[PDB]
Amino acid sequence: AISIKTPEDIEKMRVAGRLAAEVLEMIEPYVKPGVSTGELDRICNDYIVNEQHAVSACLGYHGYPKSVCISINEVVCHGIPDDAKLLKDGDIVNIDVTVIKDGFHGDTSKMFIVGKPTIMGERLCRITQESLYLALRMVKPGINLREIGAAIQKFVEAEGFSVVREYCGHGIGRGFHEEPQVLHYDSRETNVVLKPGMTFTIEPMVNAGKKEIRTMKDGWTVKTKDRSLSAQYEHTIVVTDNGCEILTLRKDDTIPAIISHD
Ligand SMILES: O=C(O)c1ccc(-c2ccccc2Cl)o1
Ligand SMILES: [Mn+2]
Ligand SMILES: [Mn+2]
Ligand code: NA
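Parameters at a glance
Residues numbered from 1 in each chain as written, not as in the entry; some residues may be left out. Chains lettered and ligands numbered in written order. Heavy atoms only, no water. 1 Å grid on protein atoms, 1.4 Å probe; cavity = no way out; pocket = protein on both sides within 12 Å on 5 of 7 lines; lining within 4 Å. Points joined across faces, edges and corners; volume = space filled by probe spheres on them. Helix = DSSP H or I, 4+ residues; strand = E, 2+ residues; numbered from the N terminus. UniProt positions renumbered as here; feature names shortened; annotations may be inferred. Buried < 20%, exposed > 50% of the residue type's maximum accessible area, 1.4 Å probe, protein only. Contact = heavy atoms within 4.5 Å. Polar contact = N/O pair within 3.5 Å; in protein donor to acceptor, adjacent residues only side chain to side chain. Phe/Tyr/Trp six-rings, centres within 6.5 Å; stacked < 30°, edge-to-face > 60°. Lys NZ or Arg CZ within 6 Å of the ring centre and 35° of its normal. Donors = N, O, S within 2.8 Å, 3.2 Å for Na, K, Ca; no water. Pairing = 2+ DSSP bridges. Axes fitted to C-alpha atoms, helices over the stretch in contact; angles between N-to-C directions.

Structure determination for this entry is recorded as X-ray crystallography, at 1.52 Å resolution.

**Q** I would appreciate a short explanation of the layout of surface pockets in the present structure.
**A** In this approach the atoms are scanned with a rolling probe the size of a water molecule, which exposes any empty space left behind. As a volume, the largest pocket reaches approximately 400 Å³. Together, 23 residues line the largest pocket, and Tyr61, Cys69, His78, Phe176 and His177 are the ones closest to its centre. Of all elements in the fold, only strand 2 (69–72) and strand 4 (92–101) reach the threshold of two or more residues within the lining of the largest pocket. Per element, the largest residue contribution to the lining of the largest pocket is three residues, and it comes from strand 4.

**Q** Hey, could you run me through the UniProt feature "binding site: substrate" in the protein in this one?
**A** Look at the UniProt record and you will see "binding site: substrate" annotated at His78 and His177. From this annotated list, the subset lining the largest pocket comprises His78 and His177. Within the element layout of this structure, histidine 78 appears in the loop between strand 3 (75–77) and strand 4. Given a relative accessible area of 23%, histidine 78 falls into the partly exposed group. When residues no more than four places from it in sequence are discounted, the contact partners of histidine 78 are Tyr64, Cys69, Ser71, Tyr167, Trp220, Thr221 and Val222. Looking at where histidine 177 falls in the secondary structure, it is placed in the loop between strand 7 (169–171) and strand 8 (178–182). Here the side chain of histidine 177 touches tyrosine 61 through a polar contact of 2.7 Å, side chain to side chain.

**Q** Sorry if this is basic, but what is going on with the packing of aromatic side chains here?
**A** Note on aromatic pairs: each is described by the distance of the centres and the angle between the planes. Counted by the stated rule, this structure contains two aromatic pairs. Geometrically, the ring pair formed by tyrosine 61 and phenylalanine 176 is tilted, given 4.6 Å between the ring centres and 35° between the ring planes. In this pair, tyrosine 61 is assigned in the loop between strand 1 (55–56) and strand 2 and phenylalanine 176 in the loop between strand 7 and strand 8, connecting sequence segments 115 residues apart. On the basis of relative accessible area, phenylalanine 176 is assigned to the buried category, the value being 10%. Positioned above the aromatic ring of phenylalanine 112, the side-chain terminus of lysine 110 is 4.6 Å from the ring centre. Residue placement shows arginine 165 over the ring face of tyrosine 185; its charged tip is 4.7 Å from the ring centre.

**Q** Would you mind going over the coordination of the manganese ion (ligand 3) with me for this structure?
**A** Angles at a metal have ideal values that depend on geometry: 109.5 degrees with four tetrahedral donors, 90 or 180 degrees with six octahedral donors. The protein atoms that coordinate the manganese ion (ligand 3) are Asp107 (OD), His170 (NE2), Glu203 (OE) and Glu234 (OE), at distances of 2.1 to 2.2 Å. The motif formed by the donor residues of the manganese ion (ligand 3), counted along the single chain, is D-x62-H-x32-E-x30-E. Between the two metals, the manganese ion (ligand 3) and the manganese ion (ligand 2), the spacing is 3.5 Å, and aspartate 107 donates to both. A residue pair is termed long-range when its members are at least 10 positions apart, and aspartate 107 in strand 5 (residues 104–113) and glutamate 234 in the loop between strand 13 (230–232) and strand 14 (235–240) qualify at 127 residues. Accessibility expressed as a relative area gives 2% for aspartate 107, which makes it buried. Since its relative accessible area comes to 0%, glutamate 234 is described here as buried.

**Q** How should I be thinking about unusual backbone geometry in this particular structure?
**A** The general pattern is negative phi for most residues beyond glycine and trans for most peptide bonds. Here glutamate 179 and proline 180 are connected by a cis peptide whose omega angle stands at 0°. With respect to the helices, strands and loops of the structure, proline 180 is situated in strand 8. With phi around 55°, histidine 62 is a residue other than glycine that occupies positive phi space. Within the fold, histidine 62 resides in the loop between strand 1 and strand 2. Its relative accessible area of 67% is what places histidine 62 among the exposed residues. Of note in this structure, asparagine 73 is not a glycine but carries a positive phi near 45°. By the element assignment, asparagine 73 lies in the loop between strand 2 and strand 3.

**Q** Explain the coordination of the manganese ion (ligand 2) to me, please; I cannot follow it from the model alone.
**A** Within the protein, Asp96 (OD), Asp96 (OD), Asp107 (OD) and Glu234 (OE) serve as the donor atoms for the manganese ion (ligand 2), at 2.2 to 2.4 Å. Considered as a linear motif, the donors of the manganese ion (ligand 2) on their single chain read D-x10-D-x126-E.

**Q** I tried to follow the sheet that holds strand 11 (residues 213–215) on my own but got confused; where do I start?
**A** For sheets, the rule is that strands pair by backbone hydrogen bonds, running either parallel or antiparallel. An order of 3-12-11 is seen for the three strands of this open sheet, with the pairing classed as antiparallel. Of all strands in the sheet, those bounded by a partner on one side alone are strand 3 and strand 11. When the angles between neighbouring strand axes are averaged without regard to direction, this sheet yields 40°. With three bridges connecting them, strand 11 and strand 12 (residues 222–224) associate as antiparallel partners. Note on strand 12: the bridge partner recorded for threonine 215 is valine 222.

What follows is the structure, encoded as structure tokens:
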């Protein structure tokens, strides 16, 4: 079944979420032309281990070889940090972090635009983040995840973009991926009504082109089949009595931590 976090667990999630968000805030200045994704990963891991006294939940997860996932341009997700992969002017890059602290996971990612942004890159990232934001604003007890997934897809598709179907958001807590699955599109299979205390992620993967993807032969790197740009933003949240609280909010987020309804 689905778990409803206790006040104590929610506090631990706040701590874990804050740490994950802080890794993204910390790494930002390093995401510039010339840097390798491999070094960004090491910088993130050193910070997580030595500064936050936490641990990356990604390393070893289903065999994932690195500490954080770094995906560039057409790479949709699971990009493997490589000391030989350099960021360049115009690149859009997603750094996805998941830390475990005091037994709980904080999961979040954001897009970084490297050097001079390309209007398409800016547009895709902005729209992708806005799709996450619109979804967050819908979160509150009584709402069905199907409605949220449908809303995300409708928005994204109205922009001329597509939503990746192979991946979804997820419940989170002592487990990296717990129930329920949080699809970012409309599916007849989705029937999960939100309840206070639920902690999960919303992390839409949006392609500028077609939805189809391909996994490279390193068994991890996923790219858009048409090699169009793909962007993703992710936040871990806790459903409150009248909305939700974003546990991985950053200083650069343009949405409040506490979203209240009435
Ligand atoms: O939920 C996430 O944000 C996420 C990022 C990477 C993964 C993942 C999924 C499946 C196998 C390995 C990994 Cl690292 O999951
Ligand atoms: Mn993630
Ligand atoms: Mn996630
Ligand atoms: Na991408």
